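Student: show me the folded form of this:
(7 chains, ligands or ions: 18)
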Amino acid sequence: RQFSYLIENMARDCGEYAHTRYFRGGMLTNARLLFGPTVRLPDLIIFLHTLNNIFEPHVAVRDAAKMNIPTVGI
Amino acid sequence: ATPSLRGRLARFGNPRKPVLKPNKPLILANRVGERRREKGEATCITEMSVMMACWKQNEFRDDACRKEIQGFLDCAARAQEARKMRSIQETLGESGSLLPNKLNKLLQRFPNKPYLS
Amino acid sequence: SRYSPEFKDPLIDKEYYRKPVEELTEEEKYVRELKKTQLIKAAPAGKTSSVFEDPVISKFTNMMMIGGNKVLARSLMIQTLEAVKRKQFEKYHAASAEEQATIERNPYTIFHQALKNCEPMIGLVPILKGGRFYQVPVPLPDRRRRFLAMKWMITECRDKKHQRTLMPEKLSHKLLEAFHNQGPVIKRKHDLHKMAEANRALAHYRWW
Amino acid sequence: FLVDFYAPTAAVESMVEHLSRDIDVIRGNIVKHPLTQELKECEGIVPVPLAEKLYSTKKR
Amino acid sequence: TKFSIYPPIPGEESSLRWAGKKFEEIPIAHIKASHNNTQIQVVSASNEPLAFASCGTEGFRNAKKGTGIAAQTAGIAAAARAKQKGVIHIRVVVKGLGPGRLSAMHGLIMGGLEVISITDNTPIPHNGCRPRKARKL
Amino acid sequence: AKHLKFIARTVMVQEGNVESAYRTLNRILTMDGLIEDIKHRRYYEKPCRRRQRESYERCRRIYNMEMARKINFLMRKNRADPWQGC
RNA sequence: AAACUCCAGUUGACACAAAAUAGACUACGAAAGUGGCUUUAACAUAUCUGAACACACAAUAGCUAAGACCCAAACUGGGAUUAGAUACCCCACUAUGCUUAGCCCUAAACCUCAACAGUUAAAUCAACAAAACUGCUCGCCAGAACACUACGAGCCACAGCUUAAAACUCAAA
Ligand SMILES: CN[C@@H]1[C@H](O[C@H]2[C@H](O[C@H]3[C@H](O)[C@@H](O)[C@H](NC(=N)N)[C@@H](O)[C@@H]3NC(=N)N)O[C@@H](C)[C@]2(O)C=O)O[C@@H](CO)[C@H](O)[C@H]1O
Ligand SMILES: [K+]
Ligand SMILES: [Mg+2]
Ligand SMILES: [Mg+2]
Ligand SMILES: [Mg+2]
Ligand SMILES: [Mg+2]
Ligand SMILES: [Mg+2]
Ligand SMILES: [Mg+2]
Ligand SMILES: [Mg+2]
Ligand SMILES: [Mg+2]
Ligand SMILES: [Mg+2]
Ligand SMILES: [Mg+2]
Ligand SMILES: [Mg+2]
Ligand SMILES: [Mg+2]
Ligand SMILES: [Mg+2]
Ligand SMILES: [Mg+2]
Ligand SMILES: [Mg+2]
Ligand SMILES: [Mg+2]
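Tutor: Numbers count the residues shown, from 1 in each chain, chains lettered A, B, ... in the order given. Ligands and ions are numbered 1, 2, ... in the order given. Next comes the structure:
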């Protein structure tokens, strides 16, 4: 949360997207229902923080591998 | 200093007989128990014993035991307010230890991990 | 209920509003302004702003009423007050020079004091301890003992021991007996006081 | 009164029976002299870490 | 000086006096708080019986003796027989964890006696005799 | 018996405040363990039952000490949210 | 309620019984087991493994004999509860528990997880419990029940222990 503001601004500055909020189950593995059938998922996910707030791996790390999305992580 | 746990439970490396036989695994939980209810202390009992002792001598007349009755009456009024003040104030008022509901919101932010991830 | 929670009960006190602004405290002043915004319930018929209004005599009339016949209960109440009044005037003309100074002729002062001499101080309340109910002596609240005083007076008169005596003559005789700390209603308070002093060993079961 | 002395092992049982018959001896005990028991040097208290791997790392 | 909770040892001389009497001279109130009764016996420093009272001697029977009201009544009755013999200050020696353990001490105060000390002499063995078997009630 | 009287388990009363002396005395007997010992000695506790109780009391202590040690370690984080809004 | 009433309380004298706290320690010993004090003797083995029966041990209960006796206490007796109560609750008392000398040889004798040596990598592992394996050896086990039985043999054991089947039966346990 400390860096949530900074990351969101950079994404807008570089014409890219961000998700620093609570990850609702299904963003990636169920995008068709949530967004629509013709939705286009990310081609690259950059993890600035791979852990969540209870010191466990972010769910998107595992969900991005299921959707064959390459991940970059610190 | 928390007591040791080396060579206490029955295991394969431990050659000696077990010292402890816990029925529940010794693993901290992610919550604490809810505070129990207190039995409470009866009030105005000393004023209530000298007022019922005067009736016996005065054959249960309320004209000679007036002073005793006031003690038993005024006390009841004071005790009544204290019970009302204590109930609301303790929960709303923050003194010393926290309440289970507020302490379990803090233990769920730093849960105990007995597994690997 | 046809009133909403917003509706507030009315204040019939006539000397409250007249109070000068100079006396109004900061907290009270605020209250007065606040009430303006609030919705007020319509005053019920029973209570007016009269100078003869007595809330204790109105509650005693309602506790005698049967089937909503308030004209008869009030009639009985006023007859009783007149009966207490005429009996004391008869005891005042026939009294000695020094006995007339200690004879109360105001029936209200007699009604309020008679009921206060019957109010019990402690009662028996069943408390559950060890899966059993124990009648432990408990300090009755102010209202409870005020209610019992009225209930006992009305039950005693209703009790069918007086073969052919009208309520005003019965109630006036009981009100004058409790005024002098005599009679069955007073005795009924002692019997409850003798049972709360026999069961004093169980005066710790209660917590409050 | 303390009496430090040297004696054979068989003299203790014979001397404990002599002190029981003397009328001026309230109580008398014979113990191994504490100065014939060297005290091993200590380096200090060794901290003990909480026990680990007592339960399997499984999600119960 | 200050106030210590430890009893004044007899040998060493002190200045603590009660009605001109040393701690040793004060009479003793032996309270036996049992589970179904409470016996009280007041004695002098020279082991001379001054007063005896118990719940049974005060007209209580069976389960009324194992209450705090009966123990207090026996304390008032023992504080009235010893107050006629010149007893004001006492040393309490309570024995037992019964209901009338503290209630008898209050009854002694409601009889005109002033308590200067509270001694506990509850029999505790360093294993000796075997108690009765546990019960299923 | 053979020891001096009025030394052991004796508490003196200050300014006629007997209640405080009895509360003080009862706190000395509970901290030393006499109170519970006197209650467990009323009925014979069989070795097997006493060994089952000592283990339960030792495992509860261990758990309660660690549970308390974590509550005092995480009480620093009971302050207001510094990133309110994120 | 019964029981006792040479009863209870204080003080003092006074054990062939049992060993608060320490012990939040985690030790000794083959196990069983062992937690008051002192003293004496004293705790196998310079490869491992190795027995229902050889050899020596083995909680409690129990037998035989002679002693002791505070308390506890199967049986029994009394009191109460209950539809009944050969039970649970109360009281009392005995065998027994102690010692000595012999016997008996059992246990949920279960840390239900053999001894020795070794590893933490790989396929981690049905589940649960106390993570998963390797090497070597002894012992044991092959549906349930009949069966901690019957017979035989052996044993200071004579209502006993050890070893230990089958037939009828089921399609599950
Ligand atoms: C899958 N079959 C289950 C099984 O059925 C069995 C059941 O078999 C029963 C035998 O006849 C009887 O003699 C037998 N009785 C005996 N005294 N030995 C039963 O124990 C047996 N039941 C059982 N093992 N669970 O009854 C038989 C007629 C059955 O249907 C044969 O297939 O057991 C039944 C319960 O008994 C279940 O209801 C069935 O679902
Ligand atoms: K076991
Ligand atoms: Mg279990
Ligand atoms: Mg000991
Ligand atoms: Mg070998
Ligand atoms: Mg073989
Ligand atoms: Mg065998
Ligand atoms: Mg044996
Ligand atoms: Mg034997
Ligand atoms: Mg006995
Ligand atoms: Mg019977
Ligand atoms: Mg015997
Ligand atoms: Mg064992
Ligand atoms: Mg082997
Ligand atoms: Mg088979
Ligand atoms: Mg068998
Ligand atoms: Mg056999
Ligand atoms: Mg045979």
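Student: residues near the closest residue to residue B:24 other than its chain neighbours, how many?
Tutor: Nearest non-adjacent residue to residue B:24, counting by Cβ to Cβ, 6 or more residues apart in numbering or on different chains: residue F:59, 8.0 Å away. Bear in mind the C-beta positions are built from the backbone N, C-alpha and C, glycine included. As a burial measure, residue F:59 scores 20 neighbours (other Cβ atoms under 10 Å in any protein chain shown).
Student: may I ask you to name the longest helix in chain B?
Tutor: When chain B is parsed with DSSP state H, its longest helix is helix B:66-92.
Student: and that helix, what does it pack against?
Tutor: In terms of contacts (3 or more Cβ pairs under 8 Å, 6 or more residues apart in numbering or on different chains; DSSP states H and E), helix B:66-92 is packed against helix B:46-57, strand C:132-139.
Student: switch those over to TSV; also include distance to residue C:54 and mean neighbour count.
Tutor: Listed next are the helices and strands packed on helix B:66-92 as TSV, based on distance: least, Cβ to Cβ, whole Å; neighbours: other Cβ atoms under 10 Å in any protein chain shown:
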stretch	distance to residue C:54	mean neighbour count
helix B:46-57	31	17
strand C:132-139	27	18
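Student: out of the ones you listed, flag the one nearest residue C:159.
Tutor: strand C:132-139 (24.0 Å; Cβ to Cβ).
Student: is chain E contacted by the closest one?
Tutor: No: using Cβ under 8 Å from any Cβ of the partner chain, strand C:132-139 stays clear of chain E, coming no nearer than 12.6 Å.
Student: show me what that strand is packed against.
Tutor: In terms of contacts (3+ Cβ pairs under 8 Å, 6+ apart), strand C:132-139 is packed against helix B:66-92, strand C:122-129.
Student: ranking those by burial, who's on top?
Tutor: Neighbour counts (mean count of other Cβ atoms under 10 Å in any protein chain shown) averaged over each of the helices and strands packed on strand C:132-139 peak at strand C:122-129, with a mean of 16.
Student: is it up against chain B anywhere?
Tutor: Yes: against chain B, strand C:122-129 shows contacts by Cβ under 8 Å from any Cβ at residue C:122.
Student: could I have that strand exported to CSV, CA atoms only?
Tutor: Extracted as CSV, the C-alpha positions of strand C:122-129 are listed here (Å, rounded to 0.1, in the frame of the first residue of the first chain):
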residue,chain,number,x,y,z
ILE,C,122,-36.7,-5.5,49.6
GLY,C,123,-38.4,-8.3,47.7
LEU,C,124,-37.8,-11.8,46.5
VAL,C,125,-36.5,-12.5,43.0
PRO,C,126,-35.8,-16.0,41.7
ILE,C,127,-32.1,-16.4,40.7
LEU,C,128,-30.8,-19.5,38.9
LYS,C,129,-27.8,-21.0,40.7
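Student: sheet partners, orientation included, of it?
Tutor: strand C:132-139 (antiparallel) (DSSP bridges).
Student: in stretch E:14-32, what's buried?
Tutor: Buried residues in stretch E:14-32, counted by 16 or more other Cβ atoms under 10 Å in any protein chain shown: E:23, E:26-32.
Student: tell me how many other residues crowd residue C:103.
Tutor: Burial measure for residue C:103: 11 neighbouring residues, criterion other Cβ under 10 Å.
Student: so the nearest residue to residue C:207 once chain neighbours are set aside is in which element?
Tutor: Sequence neighbours aside, residue B:40 is the residue nearest to residue C:207 in space, at 2.7 Å (criterion: Cβ to Cβ, 6+ apart). Counting by DSSP states H and E, no helix or strand carries residue B:40.
Student: helices of the chain, start to end?
Tutor: Since you didn't name a chain, this refers to chain A. Remark: helices assigned in chain A by DSSP H are A:4-13, A:31-34, A:59-66.
Student: that answer is for a different chain, and I need it for chain F
Tutor: Remark: helices assigned in chain F by DSSP H are F:18-32, F:34-40, F:47-73.
Student: which helices and strands does the second one pack with?
Tutor: Taking 3+ Cβ pairs under 8 Å, 6+ apart as contact, the helices and strands that helix F:34-40 lies on are helix F:18-32.
Student: by contact count, what packs against the helix it packs on?
Tutor: Secondary-structure packing of helix F:18-32 (3+ Cβ pairs under 8 Å, 6+ apart): helix E:103-109, strand E:114-120, strand F:10-12, helix F:34-40.
Student: ok, now with 10 Å
Tutor: Secondary-structure packing of helix F:18-32 (3 or more Cβ pairs under 10 Å, 6 or more residues apart in numbering or on different chains; DSSP states H and E): strand E:89-95, helix E:103-109, strand E:114-120, strand F:10-12, helix F:34-40.
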